[PDB]
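The chain below stands alone, shown as structure tokens; this is the form solved without the named molecule.
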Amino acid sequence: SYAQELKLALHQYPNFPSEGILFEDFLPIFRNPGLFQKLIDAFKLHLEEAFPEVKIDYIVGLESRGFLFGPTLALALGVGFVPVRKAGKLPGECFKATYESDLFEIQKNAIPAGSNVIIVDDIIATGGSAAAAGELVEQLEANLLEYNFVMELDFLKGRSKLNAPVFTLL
């Protein structure tokens, strides 16, 4: 239901990133508060159904598109939000992880060991950046309950680079 209305709001751009790469732009969703609320409601409903008796401590969002809906979802759930950023952006002591090359970081003091988290991002394509975020979560000695994405490019089979379960809305 919501997923369908959200799918319709997406705009496709052929060869945008680069030749061959078809891009799925979810930005129009945020331009409309009604559509944005539906996106948040859809993820919240999924997490309540998937983890009925497991408390989620933090939503961990990937820079920068994961930042567009991650914090809002965290607030809707009454939980904290922590970002995974491109290296060099976060101040203080950080754990690092590499996607063979792109480097990512997370602040060491952001999440206590034993915390249960959900990693979110807009699109899972190759899955490389999400995989790196998983490693960062592992270093914090936290538990990765699931990855939640808005869209998934099946032909790239990015889900195969990820250990924890994956849920994709559209």
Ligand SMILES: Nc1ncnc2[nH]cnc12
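When you see a residue number, it is the position in the sequence shown, counting from 1.
**Q** Out of the other entries of this protein with residues modelled on both sides, is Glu93 skipped in at least a third?
**A** No, none of the compared structures omit it.
**Q** Specify whether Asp102 falls into a modelling gap in a third or more of the other PDB entries of this protein.
**A** Yes, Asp102 lacks coordinates in at least a third of the other compared entries.
**Q** Using none, 1 to 3, 4 to 9 or 10 or more, say how many deposited residues go missing between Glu100 and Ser101.
**A** 4 to 9 residues lack coordinates between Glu100 and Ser101.
**Q** Could you check the entry and say whether 122-130 or 60-68 has the higher mean CA B-factor?
**A** Of 60-68 and 122-130, the stretch with the higher C-alpha B-factor average is 122-130.
**Q** Can you tell me whether 86-94 has a higher mean C-alpha B factor than 73-81 in this record, or the other way round?
**A** Between 86-94 and 73-81, it is 86-94.
**Q** Lowest, middle or highest third: where is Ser115 by Cα B-factor in its chain?
**A** According to the entry, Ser115 has a C-alpha B-factor in the chain's middle third.
**Q** What third of its chain's C-alpha B-factors does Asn109 belong to: lowest, middle or highest?
**A** Its C-alpha B-factor belongs to the highest third of this chain's values.
Omitted here: the form deposited with the named molecule bound. The next part is about that form.
**Q** Can you check 118-126, 33-41, 48-56, 137-145 and let me know which stretch has heavy atoms within 4.5 Å of the named molecule in the deposited bound form?
**A** Going through the listed ranges, the match is 118-126.
**Q** Considering non-hydrogen atoms and a 4.5 Å limit, does the named molecule approach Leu153 in the deposited bound form?
**A** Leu153: yes, in contact with the named molecule in the deposited bound form.
**Q** Check whether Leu10 has any heavy atom within 4.5 Å of a heavy atom of the named molecule in the deposited bound form, and answer yes or no.
**A** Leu10 lies outside the contact set for the named molecule.
**Q** Can you name the residues of 12-39 that have a heavy atom within 4.5 Å of the named molecule in the deposited bound form?
**A** Heavy-atom contacts within 4.5 Å come from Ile21, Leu22, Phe23, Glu24.
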